[PDB]
Amino acid sequence: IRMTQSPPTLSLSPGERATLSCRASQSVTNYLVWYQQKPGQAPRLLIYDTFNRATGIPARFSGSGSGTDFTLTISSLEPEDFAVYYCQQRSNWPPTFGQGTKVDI
Amino acid sequence: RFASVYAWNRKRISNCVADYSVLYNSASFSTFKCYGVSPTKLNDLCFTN
Amino acid sequence: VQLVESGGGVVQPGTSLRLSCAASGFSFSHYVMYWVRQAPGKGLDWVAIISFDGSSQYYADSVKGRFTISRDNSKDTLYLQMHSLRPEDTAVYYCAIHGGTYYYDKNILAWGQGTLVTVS
Amino acid sequence: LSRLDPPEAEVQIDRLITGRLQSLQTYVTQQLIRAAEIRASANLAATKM
Amino acid sequence: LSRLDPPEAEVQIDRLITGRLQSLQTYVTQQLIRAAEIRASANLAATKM
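Residue numbers (PDB author numbering), protein chains in the order written: chain M, 2 to 106; chain B, 346 to 394; chain I, 2 to 121; chain C, 981 to 1029; chain A, 981 to 1029.
Structure below.
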């Protein structure tokens, strides 16, 4: 059971929308969590369990997807929200984090 | 500890005041399926066993 | 919730180091914790797990046999006990919470803020 | 009505409506056939009077 | 009862029950209406005798 994030680095301006995909080696349901790690900070978590984001994360962050294919969407973040993103599962032991996707301009 | 399924445990209910809304709204349940009753009427219908 | 980790520094290849993780806020028992390393310039990868009392500890690759994780809820902390190390697992380390034991446990997740260990 | 919610109360209420309507229709048809027999008797009694 | 399990054969048996009941009750209504006509003919025959 190994995660993977297949879209590589992207160059989306401060505007527009971004859509990031995370797979799984087998069936995982409502068990993923998203992290946004800046250069040299602690990886801040984003989304509880595929659908509800935690406190202090705005509405432009959305998390969806099901089956074995999951997606995080930035509607229109802002002029800073460029970091690396990770998808993690809490189905069984232990929580694998995958690969990661950067964004540039 | 619970029991194994070949010998499932059982327990009846006697004179009581049984709450049912506070059991449902804990929001950690994999399956909560009520079949012959709606999950919103328990808080009001008496039973016999 | 809060998590404070301690035990970082510079060592030699073949010493030991007390990796301790202190928790408050939420109840430290009824809750599954684990560690996760990151070598600077890499992604993320886990170390070892402990299950709400010492009865079942799972380990990762190439850390089985140098790492003895133990918790003790009568003094509410967590330990890795890095022991007889290598000069290649210089990294940052985080203690995090897997979550949940009973039905009423209201699963929430939280992370530390890192502990840096370096070799010679 | 007490232990079901509208979507599934409706499917059970419709069978009761169907059965009771048919009961009522059988009653009314057999009253109409019997009133016509009483009318023949009352016409004969008028003619005898 | 040979190509359906009991939970699925109830729904198919009820469709037959409803139809056959309808047909039997139609038979019984039309006999009441035909007997009320034979009765008047026999009442006329008794008066002619």
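The beta-carbon is built from N, C-alpha and C at its ideal position, and this holds for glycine as well.
Applying a beta-carbon distance threshold of less than 7 Å, which residues of chain C neighbour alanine 1026(A)? Looking up residue 1026(A) in the fifth sequence gives position 46. Within 7 Å Cβ-Cβ: nothing; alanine 1026(A) doesn't reach chain C, min ~12 Å.
Please list, in chain order, all residues of the same chain as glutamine 90(M) whose beta carbon is under 7 Å from its beta carbon, the five residues on each side excluded. Along the first sequence, read from residue 1 onward, the residue named residue 90(M) stands at position 89. If we look at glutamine 90(M) and ignore the five residues flanking it on each side, its Cβ neighbours are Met4, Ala25, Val29, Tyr32, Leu33, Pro96, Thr97.
Tell me the DSSP secondary structure of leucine 21(M) in three-state form. Counted from its first residue, the first sequence places residue 21(M) at position 20. Note: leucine 21(M) maps to strand in three-state DSSP.
Can you have a look at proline 40(M) and say buried or exposed, based on whether 16 or more other CB atoms are within 10 angstroms of its CB? Looking up residue 40(M) in the first sequence gives position 39. Counting Cβ neighbours within 10 Å, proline 40(M) comes out exposed, since fewer than 16 surround it.
Establish whether the CB of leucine 996(A) and some CB of chain C are separated by less than 7 Å. Working through the fifth sequence from its first residue, we reach residue 996(A) at position 16. Closer than 7 Å: no.
Residue range of the unbroken alpha helix (DSSP H) whose run includes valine 991(A): Taking the fifth sequence and counting its residues from 1, the one referred to as residue 991(A) is at position 11. Element bounds for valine 991(A): 986 to 1028.
Determine whether the beta carbon atoms of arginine 61(M) and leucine 78(M) lie at a separation below 7 Å. What you label residue 61(M) is simply residue 60 of the first sequence in a count that begins at 1. What you label residue 78(M) is simply residue 77 of the first sequence in a count that begins at 1. In contact: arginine 61(M) and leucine 78(M) (Cβ atoms closer than 7 Å).
Helix, strand or coil: which one does DSSP assign to residue 160(M)? Shown here, chain M extends from 2 to 106; a query on residue 160(M) therefore has no answer.
Verify the CB distance criterion: does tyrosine 60(I) have a CB-CB separation below 7 Å to chain B? For the purposes of this step, residue 60(I) is taken as residue 59 along the third sequence, with counting starting at 1. No, its Cβ sits nowhere closer than 7 Å to a Cβ of chain B.
If we cut at 7 Å on Cβ distances, does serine 383(B) have a partner in chain I? Reading the second sequence from its first residue, position 38 is the one you call residue 383(B). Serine 383(B) does not count as touching chain I.
Under 9 Å Cβ-Cβ, which residues of chain C neighbour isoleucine 1013(A)? Counting from one through the fifth sequence, the residue named residue 1013(A) turns up at place 33. Chain C residues near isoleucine 1013(A): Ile1013.
Neighbour list for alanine 1016(A) in chain C, Cβ cutoff strictly below 8 Å: Here residue 1016(A) refers to the residue found at position 36 of the fifth sequence. Per Cβ cutoff of 8 Å: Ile1013, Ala1016, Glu1017.
Is the CB of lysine 386(B) under 7 Å away from at least one CB in chain C? If you number the second sequence from 1, residue 386(B) lands on position 41. Closer than 7 Å to some Cβ of chain C, the Cβ of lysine 386(B) qualifies, so yes.
Please confirm whether residue 971(C) has its beta-carbon closer than 7 Å to some beta-carbon of chain B. In the structure displayed, chain C extends from 981 to 1029; residue 971(C) sits before or after that span and is not available.
In this structure, how does DSSP classify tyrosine 32(M) when only helix, strand and coil are distinguished? Against the first sequence, residue 32(M) aligns to sequence position 31. Coil at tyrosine 32(M), not helix or strand.
Mark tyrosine 103(I) as exposed unless 16 or more other C-beta atoms lie within 10 angstroms of its C-beta, in which case mark it buried. Residue 103(I) sits at position 102 when you count from the first residue of the third sequence. Exposed is the call here.
Does the pairing of the segment 61 to 74 of chain I with the segment 59 to 74 of chain M give three or more beta-carbon distances under 8 Å? no
Any contact between the segment 111 to 118 of chain I and the segment 990 to 1004 of chain C? By contact I mean 3 or more CB pairs, one from each, below 8 Å. no
Is the CB-CB distance between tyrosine 32(I) and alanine 49(I) below 7 Å? Here residue 32(I) corresponds to residue number 31 of the third sequence, with the count starting at 1. Here residue 49(I) corresponds to residue number 48 of the third sequence, with the count starting at 1. No; because the gap between Cβ atoms is not below 7 Å, this pair is not in contact.
Tell me, please, whether the CB atom of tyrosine 104(I) is closer than 7 Å to any CB atom in chain B? For the purposes of this step, residue 104(I) is identified with residue 103 of the third sequence, where counting begins at 1. True, the Cβ-Cβ gap to chain B drops below 7 Å.
Compute the distance between the beta-carbons of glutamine 6(M) and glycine 68(M), then report whether it is under 7 Å. In the first sequence, the residue the question calls residue 6(M) occupies position 5. In the first sequence, the residue the question calls residue 68(M) occupies position 67. No; because the gap between Cβ atoms is not below 7 Å, this pair is not in contact.
Keeping to the same chain, check which residues put their C-beta closer than 6 Å to that of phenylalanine 71(M); ignore five residues upstream and five downstream. Within the first sequence, numbered from 1, the residue matching residue 71(M) stands at position 70. Answer for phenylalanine 71(M): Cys23, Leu33, listed in chain order.
Out of curiosity, what's the CA-to-CA distance linking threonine 69(I) and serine 375(B)? Reading the third sequence from its first residue, position 68 is the one you call residue 69(I). Reading the second sequence from its first residue, position 30 is the one you call residue 375(B). So the two alpha carbons sit approximately 34 Å from each other.
Report the option in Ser121(I), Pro41(I), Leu20(I) whose CA atom is closest to the CA atom of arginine 67(I). As a first step, residue 67(I) must be located in the third sequence, where it is residue number 66. Residue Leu20(I) is the option with its Cα nearest to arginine 67(I).
Which value, in whole angstroms, describes the spacing of the CA atoms of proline 88(I) and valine 120(I)? Here the question's residue 88(I) lines up with position 87 in the third sequence. Here the question's residue 120(I) lines up with position 119 in the third sequence. Between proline 88(I) and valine 120(I), the C-alpha separation is close to 5 Å.
Unbroken beta strand (DSSP E) runs of length 3 or more, entirely within the segment 74 to 119 of chain I: which are they? 78 to 80, 92 to 98, 116 to 119
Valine 5(I) and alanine 23(I) closer than 7 Å at C-beta: Here residue 5(I) is taken as the residue at index 4 of the third sequence, counted from 1. Here residue 23(I) is taken as the residue at index 22 of the third sequence, counted from 1. Yes, Cβ-Cβ distance for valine 5(I) and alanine 23(I) is below 7 Å.
Buried or exposed for residue 125(I), please, with buried defined as at least 16 other CB atoms from any protein chain shown within 10 angstroms of its CB. Chain I is shown only over 2 to 121; residue 125(I) falls outside these bounds and no answer can be derived.
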